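Protein chains get the first letters and strands the later ones, always in sequence-line order, with residue 1 at the start of each.
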Amino acid sequence: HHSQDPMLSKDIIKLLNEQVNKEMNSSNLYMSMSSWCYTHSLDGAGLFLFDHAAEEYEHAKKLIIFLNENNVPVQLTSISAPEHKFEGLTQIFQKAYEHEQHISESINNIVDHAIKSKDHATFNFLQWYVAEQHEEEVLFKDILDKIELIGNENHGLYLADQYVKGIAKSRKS
Amino acid sequence: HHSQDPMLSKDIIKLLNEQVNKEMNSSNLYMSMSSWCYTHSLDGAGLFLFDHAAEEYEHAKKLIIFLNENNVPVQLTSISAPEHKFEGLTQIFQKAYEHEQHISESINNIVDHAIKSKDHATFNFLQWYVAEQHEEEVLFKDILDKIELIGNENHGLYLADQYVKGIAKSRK
Amino acid sequence: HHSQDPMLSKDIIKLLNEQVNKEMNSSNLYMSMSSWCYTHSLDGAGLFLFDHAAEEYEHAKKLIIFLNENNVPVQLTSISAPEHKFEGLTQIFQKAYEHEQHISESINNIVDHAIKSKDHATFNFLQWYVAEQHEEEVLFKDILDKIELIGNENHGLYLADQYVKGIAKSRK
Amino acid sequence: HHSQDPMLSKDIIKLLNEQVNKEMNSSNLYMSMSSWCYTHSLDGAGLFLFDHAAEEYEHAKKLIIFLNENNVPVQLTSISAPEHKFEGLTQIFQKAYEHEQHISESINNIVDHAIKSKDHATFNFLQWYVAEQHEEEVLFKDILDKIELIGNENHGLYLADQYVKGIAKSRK
Amino acid sequence: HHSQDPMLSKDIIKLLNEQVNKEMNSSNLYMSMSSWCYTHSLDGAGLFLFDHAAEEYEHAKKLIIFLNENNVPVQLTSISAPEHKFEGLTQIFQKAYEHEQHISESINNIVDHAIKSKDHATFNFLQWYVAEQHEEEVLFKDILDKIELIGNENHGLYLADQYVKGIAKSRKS
Amino acid sequence: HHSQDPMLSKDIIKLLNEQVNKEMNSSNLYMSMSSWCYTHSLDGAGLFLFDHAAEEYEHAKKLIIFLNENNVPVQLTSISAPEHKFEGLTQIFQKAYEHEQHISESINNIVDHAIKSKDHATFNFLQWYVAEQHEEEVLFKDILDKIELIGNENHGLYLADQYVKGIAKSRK
Ligand SMILES: [Fe+3]
Ligand SMILES: [Fe+3]
Ligand SMILES: [Fe+3]
Ligand SMILES: [Fe+3]
Ligand SMILES: [Fe+3]
Ligand SMILES: [Fe+3]
Ligand SMILES: [Fe+3]
Ligand SMILES: [Fe+3]
Ligand SMILES: [Fe+3]
Ligand SMILES: [Fe+3]
Ligand SMILES: [Fe+3]
Ligand SMILES: [Fe+3]
Ligand SMILES: [Fe+3]
Ligand SMILES: [Fe+3]
């Protein structure tokens, strides 16, 4: 039996598949960052980063759904072993923030390519993703700022960890 | 500051970390099988397999949580790319069933090692996982049986795909 | 058309089929014990034992369901007439208590074999069964204790029957 | 202490005890047939026959209750193991339909003897049983008819098993 | 009149009785640790340890119920005077955590013996206990970690005590 | 940091700490009596005594709370093992009633010392305890009276055990 061809162009297909793989990669990175926090008495940051890892996987699934719907083969690559050694809470959120900036940038590139190729169905689909990613980028910016403001003298790490705990719990519900 | 050592033994740690990586790998395999179905007009199997991949990732997450709680470092390794070449619906479910068998065996192994080690916190923890995995293996056995019963004569693939669709919809 | 092979090992299959048959036999025994009580003015004990017979059959059915889901042929053997001659209430519950001990022993043996062969799906499945059987065994122990405490003298049989009647009714 | 004699006549007692054992044997037969279907990818027929087996045991229980109520000893006899080898779905339902006919005939025989011996208490009690057995016999005729109508060509077996599955589920 | 013999084997009987006595002993120890905290201005830790003492007694009662049900005589031994002198909050939770590890270990020994002797009714009964004890062990690990993270410079003891207070109140309801 | 001194006098502290240890001891005694009953077919008395031991521990806890609130160190001493040798139901309740009498006397002593010391915070606090203890002593007097009224002739022990069971059930 004959099935219909992919409904998206080859360039967009490639970019969307790469984005699926990026989100999968992010999910692993944040799981690893989470584990570091949990094994260093920072269960607030642990929980936040675990829940964030899970959310990145939710993004990957939403992208896959769109690919499936459009008759586009999903091409899952080898996911690389995440960084597992970190210096401290500040370095983790510095790295995480830099990571989210890169994700934001790669999204902008797909959206820009959708415009250039006049693929406005893909442009429209991506809007929820642009919005949620921007909110995520701002949140990491905000936590990094707060970690820097608190500092890690006496019980500063405890305070910073409880602040992050409060954010994680407030976002569950 | 001093953080408490891992609360689990080195052997158990190794086995549980390995299992996390196995579930991640299963999730990718099923998304790959799911996409093969969708791109070959089998959105019923496609749906079922997608939903099953997401469930494998849920098992991965619950394993991670248990490691985190026991102060055990989570050791995520490179996840090799899943196979993407399939001959048909029957082959996908034959591969899927053999896969669930291997996953069931790997779980039995950990549970047995927990018993050897007298680690009954881990034994107790793994019980939902043993249960849920058995349900999964049965389900794949049942679907495989049904695909084979229907066969691939005139509109047989359609009937099989509708059947799997019904199951996917009833489980969510 | 091709159906999948049984999902359990030969020895587990054998033990589990033997157990289905033990439960079927138990139901027969308890019906006959129940009838003896009913024809000897002991309707309270009759009711208790009738309801317990029915629950043995429920256990047989739950085992059969598990055999079905694992693609295991259920092999029912010949039924031999249950013992039908009894001496009195005390003897019936003595025999019953001893029978329940034997049922507990045979379950423990299946569970122990599940561990030895690392069949943790079966081990996990049998847990409700281990728990319910133990509750049944404790109950027969309790009733036998009470029958002895009360005695056979001067409306003692009436009081013991009313006691067992109360238990039967409260378990509905 | 003196207990009252059986309230039914010896011939009626005999026929009623025979009937209890026939229902026990029916339960066994249908469990075996059910298992056959389950192990040959016919879970729809499997479920139907399992549920029907359990209902035959319910019939046995209600007859036993009536014997208990009339101070009649229940005499459970030895029964051969049920047939376990079958040729296919059609053969199973042919055998089952022939079996339901025999049960129907056996009930009519008891009812007729109740009329002849002026045992109208027993006649009255058996009316629920006559009505339910008739409904069962009709159901088996209908399923057998539908199986032959569908046939065994390509996916006919699947369509037939799905039809029986819908009946099983709708009967609760 | 004749009563039925115990339904459990002599080895399991002995182990279960010893476990009842261990839980009773724990209850006293935690009452004593609680009193120390209350008399040293640490009412948060005071409350937590008091509620925990009470929970250990709940465990002992559940074990006794099972013994009673099985016609096994309950053999209560002399309960020894608990440690009453402690150095500080950190030492108390270090001791408590070490204590919970020992309890966890003794449970594993009973469960292991149940398997060896094929006593699967006892194996099954003990599962709630394995689960609750593991949760307790993890909780003490978590509090010890947090006490160490906070430290006791300036008002660190106050912060640590309020953290424990929050845990105690959240577990009541 | 400086923590405030105890808010109670040394004599009161001594008496209240002693009372905590007395309640702990009572709890163990009653669990011991409770187990004697259960192991001798008296699950009614067994239940009642178990429930009463748990209540003695509740009194211990409320005393501890009051000491904690007043910044008084709690001084738990070695709790001697309770007696385990009993001759029968009557002896257990004879011992139990004499025990509750001694506990009532010990409470009266503390309350009297509170009055001598003008410690009316403690006097006021102890009022629920005086009340609840009196109710307890009456109850044991009532049960002892009833056990003795029933006596131990043919099924008398059963009737007494059922009576105490009713009380236990009505109080929870
Ligand atoms: Fe993101
Ligand atoms: Fe993202
Ligand atoms: Fe699975
Ligand atoms: Fe799995
Ligand atoms: Fe067709
Ligand atoms: Fe039983
Ligand atoms: Fe049973
Ligand atoms: Fe019928
Ligand atoms: Fe019938
Ligand atoms: Fe504990
Ligand atoms: Fe504990
Ligand atoms: Fe008292
Ligand atoms: Fe008192
Ligand atoms: Fe009397």
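A 6.0 Å sphere centred on NZ of A:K165 holds more than 12 heavy atoms belonging to other residues, nucleotides or ligands. More than 12 heavy atoms of other shown residues, nucleotides or ligands fall within 6.0 angstrom of atom NZ in F:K61. Around atom CD of E:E135, no more than 12 heavy atoms belonging to other residues, nucleotides or ligands sit under 6.0 Å away. Residue-environment remark: OH (E:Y158) stays at or below the threshold of 12 foreign heavy atoms within 6.0 Å. No more than 12 heavy atoms of other residues, nucleotides or ligands shown are found within 6.0 angstrom of NE2 on F:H134. Heavy atoms of other residues, nucleotides or ligands lying less than 6.0 angstrom from NE2 of E:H84 number 12 at most. The neighbour count for E:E153 CD, taken as heavy atoms of other residues, nucleotides or ligands under 6.0 Å away, is above 12. Shown here is E:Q91, whose CD atom has more than 12 heavy atoms of other residues, nucleotides or ligands within 6.0 Å.
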| request: Test side-chain contact (heavy atoms from CB on, under 4.5 Å) on E:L149 and A:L42 and set out the steps. | output: CA-CA 9 Å; E:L149 177 69; A:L42 303 165; 4.0 Å; yes
| How far apart are the C-alpha atoms of F:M24 and F:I64, what are their side-chain angles, what is the distance that settles it, and do they pass the side-chain contact (heavy atoms from CB on, under 4.5 Å) test? | CA-CA 11 Å; F:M24 296 310 194; F:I64 290 171; 4.0 Å; yes
| task | Take F:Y38 and E:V72 through the test side-chain contact (heavy atoms from CB on, under 4.5 Å) and record every step on the way to the result. | result | CA-CA 8 Å; F:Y38 276 114; E:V72 171; over 6 Å; no
| message | What verdict does the ring-ring contact (aromatic ring centres under 6.0 Å, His included) test give for F:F140 and F:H52, after you've listed the backbone C-alpha separation in whole Å, the side-chain angles of each residue and the deciding distance to 0.1 Å? | response | CA-CA 11 Å; F:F140 279 92; F:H52 184 70; 4.7 Å; yes
| task | Could you give me the CA-CA distance, side-chain angles and deciding distance for F:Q19 and F:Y129, then say whether side-chain hydrogen bond (donor to acceptor under 3.5 Å, both in side chains) is met? | result | CA-CA 11 Å; F:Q19 194 73 16; F:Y129 188 36; 2.8 Å; yes
| request: Take F:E55 and F:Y30 through the test side-chain contact (heavy atoms from CB on, under 4.5 Å) and record every step on the way to the result. | output: CA-CA 10 Å; F:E55 262 298 295; F:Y30 285 118; over 6 Å; no
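Judged by distance alone, the side chain of E:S26 and the main-chain N or O of E:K22 form a donor-acceptor pair under 3.5 Å. E:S34 places a side-chain N or O within donor-acceptor distance of the main-chain N or O of E:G46, the cut-off being under 3.5 Å. A donor-acceptor distance shorter than 3.5 angstrom exists from the side chain of E:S27 to the backbone of E:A53, with no hydrogens or angles considered. With hydrogens and angles disregarded, a donor-acceptor distance shorter than 3.5 Å links the side chain of F:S106 to the backbone of F:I103. The backbone N or O of F:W36 sits less than 3.5 Å from a side-chain atom of F:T39, completing a donor-acceptor pair.
Residues satisfying the ring pair (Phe, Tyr, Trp, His ring centres under 6.0 Å) criterion with F:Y57, sequence neighbours excluded, are E:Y57.
In this structure, the separation between OG1 on B:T122 and CD1 on B:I115 is 11.5 Å, given to the nearest 0.5 Å. Taken from OG1 in E:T77 to CG in E:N21, the straight-line distance is 3.5 Å, to the nearest 0.5 Å. Distance CG/E:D142 to CD/E:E137: 11.0 Å, rounded to 0.5 Å. To the nearest 0.5 angstrom, E:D161 atom CG is 14.0 Å from E:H155 atom NE2. Here the NZ-CG distance, from E:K116 to E:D112, works out to 4.0 Å after rounding to the nearest 0.5 Å. Between the CG atom of F:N70 and the CD atom of F:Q4 there is a distance of 12.5 Å, given to the nearest 0.5 Å.
Nearest heavy atoms, E:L157 versus E:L89: CD2-CD2, 3.7 Å. Contact record, F:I92 with F:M33: O-CE, 3.6 Å, taken as the closest heavy-atom pair. The two residues E:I167 and E:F48 come nearest to each other via the heavy atoms CG2-CE1, 3.9 Å. Here the closest non-hydrogen pair linking F:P82 and F:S32 is CG-CB, 3.9 Å. Contact detail for E:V20 and E:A60: the closest heavy-atom pair is O-CB, 4.1 Å. Between E:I13 and E:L8, the shortest heavy-atom distance links the atoms CD1-O, 3.4 Å.
A salt bridge does not link F:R171 with F:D51: every distance from a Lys NZ or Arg NE/NH1/NH2 to an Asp or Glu carboxylate oxygen is 4.0 Å or more. Taking a cutoff of 4.0 Å between a charged side-chain nitrogen and a carboxylate oxygen, E:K14 and E:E18 qualify as a salt bridge. With salt bridges taken as basic N to acidic carboxylate O contacts below 4.0 Å, none links E:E98 and E:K95.
With contacts defined as side-chain heavy-atom distances shorter than 4.5 Å, the pair C:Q127/E:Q127 does not qualify. Here the side chains of E:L49 and E:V164 are not in contact, with every heavy-atom distance at 4.5 Å or above. Inter-residue side-chain proximity for B:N124 and E:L126 is flagged as unmet; no heavy-atom pair is nearer than 4.5 Å. Between F:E136 and F:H59, the closest side-chain pair of non-hydrogen atoms falls below 4.5 Å. Between F:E100 and F:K141, every side-chain heavy-atom pair lies at or beyond the 4.5 Å cut-off. Taking the side chain as every heavy atom from C-beta outward, E:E148 and A:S41 never approach each other to under 4.5 Å. With contacts defined as side-chain heavy-atom distances shorter than 4.5 Å, the pair E:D145/B:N71 qualifies. The shortest distance between side-chain heavy atoms of F:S35 and E:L67 does not fall below 4.5 Å.
Note on residues 108-127 of chain F: pairs passing ring-ring contact (aromatic ring centres under 6.0 Å, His included), not counting sequence neighbours, are F:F66-F:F125, F:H120-F:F123, F:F125-F:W128.
F:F93 has its ring centre no less than 6.0 Å from the ring centre of F:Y163.
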